[PDB]
Each structure stands twice: as structure tokens, then as C-alpha cells.
Amino acid sequence: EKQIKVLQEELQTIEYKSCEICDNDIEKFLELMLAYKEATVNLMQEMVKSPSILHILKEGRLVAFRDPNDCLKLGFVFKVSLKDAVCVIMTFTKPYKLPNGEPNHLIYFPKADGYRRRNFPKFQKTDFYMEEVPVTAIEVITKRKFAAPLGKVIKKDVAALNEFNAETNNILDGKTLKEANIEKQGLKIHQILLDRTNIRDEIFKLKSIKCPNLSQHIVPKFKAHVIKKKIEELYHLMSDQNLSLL
Amino acid sequence: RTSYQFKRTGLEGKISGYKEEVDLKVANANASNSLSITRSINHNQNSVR
Amino acid sequence: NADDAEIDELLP
Amino acid sequence: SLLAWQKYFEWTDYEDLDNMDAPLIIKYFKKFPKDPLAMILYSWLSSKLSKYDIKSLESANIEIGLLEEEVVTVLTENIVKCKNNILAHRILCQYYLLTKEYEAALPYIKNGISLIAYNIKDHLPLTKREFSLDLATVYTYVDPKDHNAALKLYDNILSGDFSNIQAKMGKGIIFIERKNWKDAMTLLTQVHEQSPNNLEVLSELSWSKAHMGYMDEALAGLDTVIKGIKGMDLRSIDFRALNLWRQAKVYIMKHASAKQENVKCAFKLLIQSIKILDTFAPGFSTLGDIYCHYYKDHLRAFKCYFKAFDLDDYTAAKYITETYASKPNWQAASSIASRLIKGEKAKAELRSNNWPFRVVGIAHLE
């Protein structure tokens, strides 16, 4: 109970700034994209139960995934290991940190031009490195794929790296990132995708999304939800004691 | 504070060699000062009662 | 050989 | 009227659904597009799987995956709405087992057999025979627990009808998977004599002939099968891969009884199969077998077996575990053995060989 009281005191001191732009349905919006993220994760695990994912996630596809520190970044898939359920993805960017030094915790809806321009109008690029991304962390798979070989880029062939840079630049210019037809994997995949689309339609039906400062209005709500979840997790009491023979 | 550790090599599981290492287990633990099941046995004491 | 080359080109 | 057309369509039993009067379906859908059975039939016609050609009729009046979003959605809606329709259940079951959906089709086949029992108690066996065939195929594919029940069902079907080659080929498949080939040769020879045109029938006939005795024309039997495919669907691609694997297997089998042309030819066939499939685990398995046995190479066989096991397998797992354990690397060997045990796809071979449990125990001990 000492830790519970400490966490209660910590959450009591959290500052809030309520603006009419994001005061109507902010909590419902938070519940909605948390449900959307859960459904996407469930789809991701259920999509790795069949070897057909190799043809879907073949080498060279551009995919957006969330790092362990919640930052969404783009990369190119190179190899897929089904035994470990892990993939090695060639990244070429930096985490999209907030100006004050925070990560963006919202959901990136594909094929949403206005939403994308409001929340992610700008991005940054840097050098490339190899990363072992768990398959769970994958957020969205883009239809556009890098057809050029990656071993040449590893060997740093001049023409290969120049073409890779040109493709990266023309991808970073236009930000559409439409869906890759992915329902063909199976019936469970189709059902989870239908649930995801239903949740997305419901979250789009809300009028609290029009504010361009959603990155500056849901951070307190997100922190409150995280603290409440942590407290509820710590709330376990498996002991069934007597205190009657004392 | 040292002991042998025996190593195996092969699918049949035959011991191939041994090395002297450190053991992570007080040192002289008997029935008078320890509650661990790995403490020493006093065979001069009654084993049933 | 051509066979070994093709095999290596198909895998790692 | 709507009622008369609905009753006529529900009562018009078809030996095969592809022989239905497609212009009649067009007329009925134009008249009553709202009927759930009408939209089910329209989705069946629109499906690439059927023999119908909607575009020609109207003019006269690469990834892995086969199911269609519209057809699945429409059939799900109709099965949620109706709960009682012989034709709807039959179409849904056909789409299920054609889309390689056996487990998901079991409750729907149970509902269909309940409806056919309702009709029997309220009697053309043309639909009952088709539903029994569907259930027997589901038992044969999904389940070695229901194999005996499916075999008994096949025996009853053959005794009562003796006019369907599908039951004969299913019994032949059951006999092949149980290593009971003696009846398989007779059944396959009889079927081939009945119709020496089915490419798959010739494939199994040559397979059974090659497994013992005659190997001369067993290789050439698959030639008319591989050459006559000319297919572009996923099913066609995997059937070509299976035929190539079968011909390579029987080819090395005949080569079993200095010479290296046979090994080279089997290698080329397996390489072509792997190229046209890119996920065909038995191809990698056979390549690793050849590399380990004849070419006396280590790294190539290890890589082929590793790919085969990652995609899928007792022999590949044993080879990889033996390779790790001799380094020694007990963590990786423990991982491979634990994956093999937890897979539950090799429980038959784990009742006689005890190396996986010993490997896991040794890795814990280390």
C-alpha cells in the first residue's frame, strides 16, 4: 500500500490544461485507439502462425514499426525468422521525438492525408543500421517495396546506394502509405482486420479529431491511463489471511 | 569454495571433460544452522526420528 | 558448380 | 413468384453445382436480388473457382491466398440470417473445403447433416452422398484420430454406391498414408483403367508402382502429369511442385537399385521445384538428404535442413540438433528440441526415439 499511496500522490500532482478543442471526447478517443492498437497487435501475432507471411513480408518492403521506446519509424525488411518470430529490418531514420523530447503515442492511420499532415507533416532521415525488430512491434506494412538488392547496399555499390537514396527521398516526399489484400492470409486474419476497420470507422466518427494539437492534448490523459493501469496491476492481493487467531 | 563441473559433448550425452569453478551455495551448512535441503547430513544422528 | 551456385543464390 | 423460385432452387438437386443453369441464376437475381440464396449463388458464380463465366453470359444475355472478401462476407451474412437452407449449407461447405478450410467447416457440416436428417424425417440421396463425401474428406485431412471412422465411411459409401471415383481415391490416399500399398496398386490400376486421363490419378498410380516392383514407366508416368498442367493458380503451382518432388523421389528410389546422372537430375528437378515454390519444405528436405548422403557436403546440407525445419520434420530437426550438440551448443540444441516437442507434429516418432528429452535435460543440467 505504500507504493499505491506514492503513485496516487504522483498522479495527484499531474497538471492538466483543458481546451475546448479537445475537451469533448478525448477519453473516448483514447479508448478507441487503444482498442485499435490491441486489435492490430492481435492481427500481427495471428499473421505469423503460417509460412505464407514470407511471400507477404518479402525482402525489400517498406514497413513502419514502433521501437521499444514507443517511437514509430520506417525501415526495410531484410530477413524473417519464424522460429524466433523476429525480423531484421534495415532502418534509415531517427525516432520522431517531440520538440520538447517526448515520443508520439498516437495511432498512425494509413491513407489519411489530412490526419497525416496534422500529426506527422515533417520527418527526419539519418544513416542506416541493422536492427532485430520483434514481429509484434510492426505497426503497418506499406505496398511500396524496394526492388533493388540489399546486399549491394551492404557492399556499398555507388549506383545501388544512389538508387536507394533516391527511392528513400521520393518516398519521404509524398506521405500516403496506403495498405499493402492482406486479408487473404486466413479467416481469423479477416475477422481481426474487420474488427480493426470497425474500430477505425468508429474513431473517425468522432468530432474530437479535427484539432491539430492532438499531440498536445492527450499526453496528460495517456499518462493518467498508464498510471492507473500500473496501479491496478500492482493491486494484486493473492493472500487470503485470517487475522482472527491473533 | 570450488568444485568440478562435468561437461558433455555429443547427442548421446557422454561426459567429455571437467573444469574447476566457483559454486554459488554458506559454505559449511549443517543441520544446526541452515534450513536448506542441500545442507550436510549427520549420519551419526537418527535418520528416522 | 552451377548447381551449387543456384542453391546458394536461392538461400543465404 | 419468389416462393416458387426459392422452392425450385432448393429442390433442384445438382450432381455438381457447376452444371446449374447460369442464365436462370442471372434471371432470378435480376428478379429478386434481395434473396440471401440469390446473393449466395451470385457470389458462387463470381468466384474464380467455379466453371461459370459471368462476363461471357452477360455479353450473351503474385501472393499466397485464395479466399475472396466479398464471397466470404456474403456467405457469412447469409448463414447468420437463414440458419436453414440446404443449398446455402452445401455452397458454404464446398467453398470451405475448396479453400482448404477443414476445421472451420466441421460445425457447418454438422448443421448440414442435421438439416438433411430433418429432410429425411420429413428423399433424394444425391445431396446426402455429397455431404458424406465432404465430411469424410474433412475427417481424412483434419484428423490420425478419425482416420478409421473416415475409412469406415468410405467403405460404406463404396458398398452403397460403387460409382464414385472420389471415394476410391480417398481410400487410396488413406492406404498410402498408412503404408498399406497392396490394395493401393489395385485401386489405382482400376481407376486408371476407368479413365487414364486424370493427371493426379496417374501421379498416384506411378507413385505406387515405383514404391515397389516396377520402376521403368513409373518415372514417365509423371511426365504427362507435369507437362499437361499449364496452370497459373496457387493450387496449380503447388501441384506442380508436388509432382516435381514425387518424380525426384521415385527417381532417386530407382537410382537406389558410381553413377551420378540420377543424382544430378533429381537435384535439377528439386531446384526447379524450390524456385517455382520458394516455400516448399519437402524440396529443401530432399535437397539436404541428397547433400548429406551422396555429395558428402556439410554446410549445404545444414542450410537446406535449417530452411526446411524453419518452414516446417523429424529428420531435419535431428540433423540440426546433432550439428549443434557436437560443437557443443546446448542452448540452441535445446531450443530446436523443445520446438520439435511442443509442435506435436511428430509425436509418432517421439514414442521410439528419446533424444529430444535427453537434450532438453542435458541443457538444463549445463
# chains A, B, ... in the order shown; residues from 1 in each chain; ligands from 1
$ closest_atom_pairs --of "chain D" --to "chain B" --cutoff "8 Å" --atoms "only C-alpha atoms" --output "tab-separated table"
residue	atom	partner	partner_atom	distance
D:321	CA	B:11	CA	7.8
D:322	CA	B:11	CA	5.8
D:325	CA	B:10	CA	5.1
D:326	CA	B:10	CA	4.5
D:327	CA	B:9	CA	7.2
D:328	CA	B:9	CA	5.5
D:355	CA	B:11	CA	7.3
D:358	CA	B:13	CA	7.8
D:359	CA	B:11	CA	7.3
D:362	CA	B:13	CA	7.5
D:366	CA	B:7	CA	7.2
$ residues_around --residues "residue 25 in chain D" --least-positions-apart "5" --cutoff "8 Å" --atoms "only C-alpha atoms" --output "short mmCIF file (atom, residue, chain, number, x, y, z; two decimals) with C-alpha atoms, in the first residue's frame"
data_model
loop_
_atom_site.label_atom_id
_atom_site.label_comp_id
_atom_site.auth_asym_id
_atom_site.auth_seq_id
_atom_site.Cartn_x
_atom_site.Cartn_y
_atom_site.Cartn_z
CA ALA D 38 -29.74 -15.49 -54.68
CA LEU D 41 -25.43 -18.07 -55.85
CA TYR D 42 -24.23 -14.79 -57.35
#
$ closest_atom_pairs --of "chain D" --to "chain C" --cutoff "9 Å" --atoms "only C-alpha atoms" --output "tab-separated table"
residue	atom	partner	partner_atom	distance
D:264	CA	C:3	CA	8.6
D:267	CA	C:3	CA	7.8
D:268	CA	C:3	CA	7.6
D:271	CA	C:7	CA	7.3
D:274	CA	C:10	CA	8.4
D:275	CA	C:10	CA	7.6
D:278	CA	C:10	CA	8.4
D:300	CA	C:8	CA	8.3
D:303	CA	C:11	CA	8.0
D:304	CA	C:11	CA	8.3
D:307	CA	C:11	CA	8.4
$ write_last_selection --atoms "N, CA and C atoms" --output "CSV table (one decimal), in the first residue's frame"
chain,number,residue,atom,x,y,z
D,264,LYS,N,22.2,-35.9,-60.2
D,264,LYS,CA,22.1,-34.6,-60.8
D,264,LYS,C,20.7,-34.3,-61.3
D,267,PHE,N,18.5,-33.5,-58.4
D,267,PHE,CA,18.9,-32.2,-58.0
D,267,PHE,C,18.3,-31.1,-58.8
D,268,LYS,N,18.4,-31.2,-60.1
D,268,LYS,CA,17.8,-30.2,-61.0
D,268,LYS,C,16.3,-30.1,-60.8
D,271,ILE,N,15.6,-28.3,-57.5
D,271,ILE,CA,16.0,-26.9,-57.6
D,271,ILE,C,14.8,-26.2,-58.4
D,274,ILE,N,11.9,-25.8,-56.0
D,274,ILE,CA,12.1,-24.8,-55.0
D,274,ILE,C,12.0,-23.4,-55.6
D,275,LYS,N,12.5,-23.2,-56.8
D,275,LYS,CA,12.4,-21.9,-57.5
D,275,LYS,C,11.0,-21.6,-57.8
D,278,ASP,N,9.4,-21.6,-53.6
D,278,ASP,CA,10.0,-20.7,-52.6
D,278,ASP,C,9.6,-20.9,-51.2
D,300,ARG,N,26.1,-27.1,-46.9
D,300,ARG,CA,24.9,-27.0,-47.8
D,300,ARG,C,23.8,-27.8,-47.2
D,303,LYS,N,22.3,-26.0,-44.2
D,303,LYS,CA,21.5,-24.8,-44.6
D,303,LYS,C,20.1,-25.3,-45.1
D,304,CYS,N,20.1,-26.3,-46.0
D,304,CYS,CA,18.9,-26.8,-46.5
D,304,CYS,C,18.0,-27.4,-45.4
D,307,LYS,N,16.5,-24.5,-43.4
D,307,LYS,CA,15.4,-23.8,-44.0
D,307,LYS,C,14.1,-24.7,-44.0
$ residues_around --residues "residue 338 in chain D" --least-positions-apart "4" --cutoff "8 Å" --atoms "only C-alpha atoms" --output "mmCIF file with N, CA and C atoms, in the first residue's frame"
data_model
loop_
_atom_site.group_PDB
_atom_site.id
_atom_site.type_symbol
_atom_site.label_atom_id
_atom_site.label_comp_id
_atom_site.auth_asym_id
_atom_site.auth_seq_id
_atom_site.Cartn_x
_atom_site.Cartn_y
_atom_site.Cartn_z
ATOM 1 N N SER D 334 18.769 -27.245 -27.360
ATOM 2 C CA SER D 334 17.588 -27.269 -26.510
ATOM 3 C C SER D 334 16.424 -26.546 -27.167
ATOM 4 N N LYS D 342 7.184 -29.368 -28.645
ATOM 5 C CA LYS D 342 5.986 -28.556 -28.479
ATOM 6 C C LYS D 342 5.150 -28.484 -29.750
ATOM 7 N N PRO D 356 15.214 -36.074 -27.928
ATOM 8 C CA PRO D 356 14.809 -34.699 -27.571
ATOM 9 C C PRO D 356 14.733 -34.447 -26.075
ATOM 10 N N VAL D 360 17.006 -31.790 -23.877
ATOM 11 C CA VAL D 360 16.461 -30.737 -23.021
ATOM 12 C C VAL D 360 16.980 -30.884 -21.592
#
$ interface_residues --of "chain A" --to "chain D" --cutoff "12 Å" --atoms "only C-alpha atoms" --output "compact mmCIF listing (two decimals) with C-alpha atoms, in the first residue's frame"
# COMPACT_ATOMS: atom_id res chain seq x y z
CA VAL A 48 2.86 -15.15 -38.01
CA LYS A 49 1.26 -18.58 -37.48
CA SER A 50 1.52 -19.51 -41.18
CA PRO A 51 4.52 -19.62 -43.54
CA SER A 52 2.57 -17.51 -46.07
CA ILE A 53 3.91 -14.38 -44.34
CA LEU A 54 7.22 -14.87 -46.18
CA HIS A 55 5.60 -14.01 -49.51
CA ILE A 56 3.75 -11.12 -47.86
CA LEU A 57 6.74 -9.71 -45.96
CA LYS A 58 9.33 -10.42 -48.62
CA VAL A 80 12.28 -13.12 -41.39
CA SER A 81 12.87 -15.88 -38.83
CA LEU A 82 9.74 -17.86 -37.96
CA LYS A 83 11.32 -19.88 -35.14
CA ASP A 84 12.17 -16.76 -33.13
CA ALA A 85 9.26 -14.69 -34.54
CA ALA A 180 -0.47 -3.35 -48.77
CA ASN A 181 -5.29 -7.56 -49.85
CA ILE A 182 -3.70 -8.73 -46.59
CA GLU A 183 -6.99 -10.42 -45.65
CA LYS A 184 -6.05 -13.39 -47.87
CA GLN A 185 -3.97 -14.91 -45.05
CA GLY A 186 -6.94 -16.64 -43.42
CA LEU A 187 -10.34 -16.39 -41.81
CA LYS A 188 -9.04 -15.27 -38.41
CA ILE A 189 -6.92 -12.61 -40.13
CA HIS A 190 -10.03 -11.45 -42.00
CA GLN A 191 -12.04 -11.23 -38.77
CA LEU A 193 -8.98 -6.92 -39.91
CA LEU A 194 -12.75 -6.38 -39.94
$ atom_distance --atom1 "CA of residue 232 in chain D" --atom2 "CA of residue 178 in chain A"
27.8 Å
$ atom_distance --atom1 "CA of residue 168 in chain A" --atom2 "CA of residue 123 in chain A"
12.2 Å
$ residues_around --residues "residue 36 in chain D" --least-positions-apart "2" --cutoff "10 Å" --atoms "only C-alpha atoms" --output "list in words"
residues 32, 33, 34, 38, 39, 40, 41, 42, 74, 75, 77, 78, 79, 81, 82, 85 and 88 of chain D
$ residues_around --residues "residue 1 in chain B" --least-positions-apart "6" --cutoff "12 Å" --atoms "only C-alpha atoms" --output "number ranges by chain"
B: 20-28
$ write_last_selection --atoms "N, CA, C and O atoms" --output "PDB file, in the first residue's frame"
ATOM      1  N   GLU B  20      37.188 -26.726 -13.076  1.00  0.00           N
ATOM      2  CA  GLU B  20      37.019 -26.298 -11.694  1.00  0.00           C
ATOM      3  C   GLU B  20      36.473 -24.876 -11.682  1.00  0.00           C
ATOM      4  O   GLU B  20      37.062 -23.976 -12.289  1.00  0.00           O
ATOM      5  N   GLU B  21      35.350 -24.674 -10.996  1.00  0.00           N
ATOM      6  CA  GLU B  21      34.649 -23.398 -11.000  1.00  0.00           C
ATOM      7  C   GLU B  21      34.256 -23.019  -9.577  1.00  0.00           C
ATOM      8  O   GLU B  21      34.565 -23.720  -8.611  1.00  0.00           O
ATOM      9  N   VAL B  22      33.571 -21.888  -9.458  1.00  0.00           N
ATOM     10  CA  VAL B  22      33.064 -21.388  -8.185  1.00  0.00           C
ATOM     11  C   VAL B  22      31.610 -21.809  -8.040  1.00  0.00           C
ATOM     12  O   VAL B  22      30.848 -21.800  -9.012  1.00  0.00           O
ATOM     13  N   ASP B  23      31.220 -22.180  -6.824  1.00  0.00           N
ATOM     14  CA  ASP B  23      29.865 -22.630  -6.539  1.00  0.00           C
ATOM     15  C   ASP B  23      29.104 -21.557  -5.772  1.00  0.00           C
ATOM     16  O   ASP B  23      29.612 -20.996  -4.797  1.00  0.00           O
ATOM     17  N   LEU B  24      27.882 -21.274  -6.224  1.00  0.00           N
ATOM     18  CA  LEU B  24      27.029 -20.264  -5.600  1.00  0.00           C
ATOM     19  C   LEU B  24      26.074 -20.966  -4.637  1.00  0.00           C
ATOM     20  O   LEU B  24      24.888 -21.150  -4.909  1.00  0.00           O
ATOM     21  N   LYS B  25      26.615 -21.357  -3.487  1.00  0.00           N
ATOM     22  CA  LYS B  25      25.840 -22.050  -2.464  1.00  0.00           C
ATOM     23  C   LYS B  25      26.532 -21.975  -1.109  1.00  0.00           C
ATOM     24  O   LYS B  25      26.917 -22.997  -0.543  1.00  0.00           O
ATOM     25  N   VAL B  26      25.799 -20.393   2.765  1.00  0.00           N
ATOM     26  CA  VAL B  26      27.060 -20.518   3.482  1.00  0.00           C
ATOM     27  C   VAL B  26      27.838 -21.724   2.974  1.00  0.00           C
ATOM     28  O   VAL B  26      27.290 -22.581   2.280  1.00  0.00           O
ATOM     29  N   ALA B  27      29.123 -21.788   3.326  1.00  0.00           N
ATOM     30  CA  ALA B  27      29.967 -22.884   2.866  1.00  0.00           C
ATOM     31  C   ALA B  27      29.739 -24.147   3.689  1.00  0.00           C
ATOM     32  O   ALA B  27      29.395 -25.199   3.140  1.00  0.00           O
ATOM     33  N   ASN B  28      29.922 -24.061   5.006  1.00  0.00           N
ATOM     34  CA  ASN B  28      29.753 -25.208   5.896  1.00  0.00           C
ATOM     35  C   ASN B  28      28.364 -25.126   6.524  1.00  0.00           C
ATOM     36  O   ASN B  28      28.183 -24.660   7.647  1.00  0.00           O
TER      37      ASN B  28
END
$ residues_around --residues "residue 216 in chain D" --least-positions-apart "4" --cutoff "12 Å" --atoms "only C-alpha atoms" --output "list in words"
residues 206, 207, 209, 210, 211, 212, 220, 221, 222, 250, 251, 253, 254 and 255 of chain D
$ write_last_selection --atoms "C-alpha atoms" --output "PDB file, in the first residue's frame"
ATOM      1  CA  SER D 206       3.112 -44.112 -60.825  1.00  0.00           C
ATOM      2  CA  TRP D 207       3.933 -43.392 -57.167  1.00  0.00           C
ATOM      3  CA  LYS D 209       4.196 -48.609 -58.887  1.00  0.00           C
ATOM      4  CA  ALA D 210       7.569 -47.017 -58.108  1.00  0.00           C
ATOM      5  CA  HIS D 211       7.395 -47.755 -54.378  1.00  0.00           C
ATOM      6  CA  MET D 212       7.786 -51.474 -55.148  1.00  0.00           C
ATOM      7  CA  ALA D 220       7.478 -41.500 -67.300  1.00  0.00           C
ATOM      8  CA  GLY D 221       4.031 -41.630 -65.693  1.00  0.00           C
ATOM      9  CA  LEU D 222       4.536 -38.225 -64.073  1.00  0.00           C
ATOM     10  CA  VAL D 250      10.848 -42.000 -57.233  1.00  0.00           C
ATOM     11  CA  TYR D 251      13.863 -41.158 -59.394  1.00  0.00           C
ATOM     12  CA  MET D 253      14.383 -44.517 -55.355  1.00  0.00           C
ATOM     13  CA  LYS D 254      15.026 -46.190 -58.713  1.00  0.00           C
ATOM     14  CA  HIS D 255      18.630 -44.962 -58.544  1.00  0.00           C
TER      15      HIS D 255
END
